[PDB]
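Residue numbers (the entry's author numbering), protein chains in the order written: chain A, 15 to 499; chain E, 365 to 464; chain I, 365 to 414; chain C, 1 to 173; chain G, 1 to 173; chain D, 1 to 159.
Using N, Cα and C, we set each Cβ at its ideal position, and we do this for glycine too.
Data block below; observations after.
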Ligand SMILES: *[C@@H]1O[C@H](CO)[C@@H](O[C@@H]2O[C@H](CO)[C@@H](O[C@@H]3O[C@H](CO)[C@@H](O)[C@H](O)[C@@H]3O)[C@H](O)[C@H]2NC(C)=O)[C@H](O)[C@H]1NC(C)=O
Ligand SMILES: *[C@@H]1O[C@H](CO)[C@@H](O[C@@H]2O[C@H](CO)[C@@H](O[C@@H]3O[C@H](CO)[C@@H](O)[C@H](O)[C@@H]3O)[C@H](O)[C@H]2NC(C)=O)[C@H](O)[C@H]1NC(C)=O
Ligand SMILES: *[C@@H]1O[C@H](CO)[C@@H](O)[C@H](O)[C@H]1NC(C)=O
Ligand SMILES: *[C@@H]1O[C@H](CO)[C@@H](O)[C@H](O)[C@H]1NC(C)=O
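See below:
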């Protein structure tokens, strides 16, 4: 009773149907393609790049194929601050699979400034501490000599260098930290030049602090010497994140947790493993997994219109043709002949023609499948509050494509279903026509689809009719003799 | 009456199914862009324009195909009708050769 | 002759009608994006690629 | 172009149990007549059993010899089908093939995997075998391995002896 | 699944005029044989008239009784069709249905709206009726309303009296 | 359960003409049959389904015929690659039992003292089809000797 929709009718019953929409997912965040994910948990991307106290299990993360993240990472960026170009950094991470947290500027360099970083709001069980990768330059000996850090790229790949500046809340607090005002932080590379000027002003009390941290990130491309210069307020990086490899990763905003699996795709709801070509699970997939369509079901009527018959049997030992509808008793194939000879009645399929029809259906669906090859890494980008237009654009763009493909999927099977159903009907007519054209004048065309012979036909001649070698002149004389009277 | 009602139901269901499958963005209002965002603006335009073009295709060609889909369908029906009658009147009719 | 000419006209009109229905963006030149506009660039690419 | 993979077989003690599985790659229009078959190294290929799809119940049709011994069923959620080996015997030693007719109807068992061998060798009784300590077992190991090699190099050199035809016909055009 | 809405009817003095309209929701392949029909509360359903589409002229076919009285026409610009009531009589009181055959041909008036009642009750002559001042009219209002209620509660309680069958058969299974 | 056998049992013959392999039946399997080629060292292929229809890869050198309880396959032009086990299987009776199978080789004509006049394509055919079943027998000796080793492990960890 598998019902399919077609262009012409709706809820048509078909003998066979192959749903080509993978609606189901296991529901567990699983390791992808052998390479485990990056189980962040409660720490935001900023928290991991800086190394909050709340998560020190990440100091050397093995290679990850995708990243997860809670929607609101409560334990990221402990010190109340901002992060300039956060979303550009996240989109960069989407295409990075492995870091190595190389030393660039160890605490040994800053022998003229006290490296002791303190923070009440970011306390470690009551003790004042700071992000591991950042060093919080303060005055030494009631003086702040001009900090002059430098680095020359050596590791042979783009290095993510992440630094920051401090906006103190009080002039007194500014001076007690840096012993001078009118402070500037200059960071220069071969292409980047940025001179931030920290400003002390009254800001709302967040986590008890008024001052903030502005954070910036940059890339040392290739032997690009970076120069940090400051007369205070600089939060130096002691840890440059060299990117080990390129790749295709993503950020999944999921609250689940990693388990043990092996799936070539992974979606925020759960993993997907199927051979089907579509899935309405969730658009934000990762890796080798099929197209997304907003539909609820795509049933391909590979079978043929399942019309039962009236079943008035046992009287004359013979059956009615295909005009009245299909035969419940045929199991050998889609199309066939019922031969009511004098040696015994019986059905018999037409193996060749039904195999041809099945090959046609299979090649049809396969060709559709091959033609569909679109974007693979359709991960979800992030946009700041002042980029709303852009975000909308993205959404609309992405949404439009889904809609188009939904159409291009739904209508397709719709047309294809009609394409198949009458095709089946066509075949039967051809079969009938073929037989009718091979039995020119030796058959009473019984008008329900049958052929009641004029000459006594043993099982051999009717077998010959089935396989297309019937010899008309052999029986022509006897058939004509029977027909005349 | 029966066959023509079946054909009309087929046409109506065809157009209705096409109609249901088309469900896209609703609030397609026009965004505004500053002078230094020209790239972005162009992008928007192109994106939006592309979609219109695609849907124009997906509309035009559709009815194009559907028109053929319908016309011969009608012809097909008549043949079937004729065939049906011809197959219900096995040997009691001179097939007058113009359809009678 | 008549029927084969009708068939050839049908094929030619079919391909021609397909051709006419296809009329899309003309100046599909490639825009450039700075290093800090990576998101935008990707978007563009994806859009165009789609 | 669907590749039928399979796994599970190996070395098993008689009377044990094993989790044979065959799984399917590629897009199959139907996986209805999933079938397990076996071929003993004696080349008497013998059909084992069925399993079908949703449409008509996950029914099975086992061979008479294996009516209750092996059990076929599928866990459809990941498109794989399991066969359980229970009550194993020496005769069960065979390379097992996953097989499947392409059509909705049985016309040809026309998709076969690489096969997984299962080997139940007799003589593993412990009526008198467990008495020996580590040393006797190690000594028969060190007396059976060397003859192992020299025998198999003997067979490989006589294979070379019957294979020089190619080595001579290449320069003989 | 097209919903035919309609509006316009109500309480009208005899000889007045009224703007009946029925409009169409949903996607209609054709709205060709738009039709107005009426059913008096006496349940003698009677067909009124036509209106057609562009293709063959906005022609009409009125009933003989209503050849010149009612006038049917459509303002196609908003997919609605109007019927004008002129020269009203007491007999015109009926619930009016918008109706429409689905096919291009008339086989069944198979889309009907909820209907709008129109009520032309006689006895509204002013041969002797306008003489009364505000007080007489108010007094007959205050004498006719109370009996209005008590009569309709009487009919509702006798309806309940004939309806307890359900109240008893629910606990009687 | 029905009786199905290859009457012309495993044989050996030269190349280049018809070879007929026949399959019986106890009861009326109408025409549903399958003919499988199995190269030693490789998974069985498919040749003819429904007892007369050729597979997807048509060799143009195989054919089938028969009906009722009597079927046959004929190779009108045998060749070197066609050497292997051949099986008939019926799909009518609920036990899909298989045939006895027939092996096909040459009467010791594989050595060059016999095929001097034969083409050179068979040389690379044999080079391709030579190695895999040579390994297969090597690891067959390996697995039998591993099972012969297994009792030693069983008794080592037994005590
Ligand atoms: C430090 O930063 C500089 C940025 O200019 C990196 O570039 C290297 O600079 C040196 C000179 O300071 C150059 O090396 C030259 O190599 C050529 C090769 O034949 C040689 O003929 C010259 O005599 C000279 O040694 C060159 O511009 C460049 N070296 C490269 C590209 O290999 C420099 O690598 C950084 N230092 C490190 C990473 O240790
Ligand atoms: C189509 O089917 C017919 C009938 O099944 C086959 O053609 C020829 O049929 C006769 C049957 O009288 C075969 O002759 C003899 O048949 C008996 C019993 O069937 C058998 O014992 C003999 O050995 C002999 O075969 C005749 O062989 C057969 N022709 C061929 C070429 O097989 C045939 O199966 C089909 N003909 C086609 C496809 O052209
Ligand atoms: C689905 O098919 C059933 C079969 O009788 C039918 O009753 C039902 O109306 C169909 N649903 C539709 C057409 O939405
Ligand atoms: C995932 O599906 C593939 C088939 O596409 C299969 O080969 C593989 O074993 C499956 N992995 C699982 C279920 O872990």
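| Check | Outcome |
| --- | --- |
| Residue-chain proximity (residue 481(A), chain C), Cβ-Cβ < 8 angstroms | no |
| Interface partners of residue 376(I) on chain E, CB under 7 angstroms | The premise fails here: residue 376(I) is roughly 15 angstroms from chain E at the closest Cβ pair, so nothing lies under 7 angstroms. |
| Residue of 456(E), 395(E), 463(E) and 382(E) minimising C-alpha distance to residue 423(E) | 382(E) |
| Residue 262(A) Cβ short of 7 angstroms to ligand 4 heavy atom set | no |
| Distance cut-off 7 angstroms: residue 241(A) Cβ against heavy atoms of ligand 1 | no |
| Start-to-end residues for the alpha helix (DSSP H) that takes in residue 75(G) | Run containing residue 75(G): none in the alpha helix (DSSP H); it sits in the beta strand (DSSP E), 71 to 75. |
| Same chain, Cβ closer than 7 angstroms to residue 53(G), five either side skipped, listed in chain order | 30, 31 and 32 |
| Residues near residue 69(C) by beta carbon distance below 7 angstroms, same chain, minus five either side | 86 and 87 |
| Environment of residue 126(G) [buried if 16+ CB atoms lie within 10 Å] | exposed |
| Alpha carbon of residue 146(G) to alpha carbon of residue 12(G), nearest angstrom | 25 angstroms |
| Within chain C, partners of residue 91(D) - CB distance below 9 angstroms | 101, 105, 106, 107, 108 and 109 |
| Closer than 7 angstroms: residue 102(G) CB and nearest ligand 3 heavy atom | no |
| Residues within the region 386 to 399 of chain E neighbouring chain A, beta-carbon criterion of under 9 angstroms | 386, 387, 388, 389, 392, 395, 396 and 397 |
| Cα-Cα separation between residue 110(A) and residue 45(A), rounded to whole angstroms | 17 angstroms |
| Short Cβ contact (8 angstroms threshold) for residue 147(A) with residue 234(A) | no |
| Residue 367(A) beta carbon near ligand 2 (any heavy atom closer than 7 angstroms) | no |
| Residue 140(G): first and last residue of the uninterrupted alpha helix (DSSP H) it sits in | 134 to 169 |
| Pick from 436(A), 426(A), 491(A) and 33(A) that is closest to residue 10(A), judged by C-alpha positions | Nothing in the structure corresponds to residue 10(A), since chain A is present only between 15 and 499. |
| Rounded Cβ spacing between residue 496(A) and residue 469(A) (contact assumed at less than 8 angstroms) | 6 angstroms |
| Residue 289(A) at chain C interface by Cβ criterion, 8 angstroms | yes |
| Residue 480(A) beta carbon near ligand 3 (any heavy atom closer than 7 angstroms) | no |
| Contact test: residue 24(A) Cβ vs ligand 3 heavy atom, cutoff 7 angstroms | yes |
| Contact between the region 252 to 266 of chain A and the region 342 to 355 of chain A (3+ Cβ pairs under 8 angstroms) | no |
| Straight-line gap, residue 445(A) to residue 371(A) (C-alpha atoms, nearest Å) | 12 angstroms |
| Alpha-carbon spacing of residue 31(D) relative to residue 34(A), whole angstroms | 33 angstroms |
| Anticipated Cβ contact below 8 angstroms, residue 109(C) with residue 89(D), distance rounded | 7 angstroms |
| Beta-carbon proximity list for residue 45(C), same chain, < 6 angstroms, skipping 5 on both sides | 39 |
| Below-8 angstroms beta-carbon distance, residue 369(E) vs any chain A residue | no |
| Distance, residue 68(D) Cα to residue 4(D) Cα | 13 angstroms |
| Contact set between the region 4 to 32 of chain G and chain E, restricted to residues whose Cβ is under 8 angstroms from the partner | 27 and 29 |
| Residue 426(E): contacting residues in chain I (beta-carbon distance under 7 angstroms) | Chain I residues near residue 426(E): none, gap ~10 angstroms exceeds 7 angstroms. |
| Min CB distance residue 213(A) to chain I below 8 angstroms | no |
| Proximity test, residue 65(D) beta-carbon vs ligand 6 heavy atom, cut-off 7 angstroms | You won't find ligand 6 in this model; what it holds is ligand 1, ligand 2, ligand 3 and ligand 4. |
| Residue 374(E), DSSP secondary structure in three states | helix |
| Through-space distance from residue 8(G) to residue 2(G), alpha-carbon basis | 20 angstroms |
| Environment of residue 236(A) [buried if 16+ CB atoms lie within 10 Å] | exposed |
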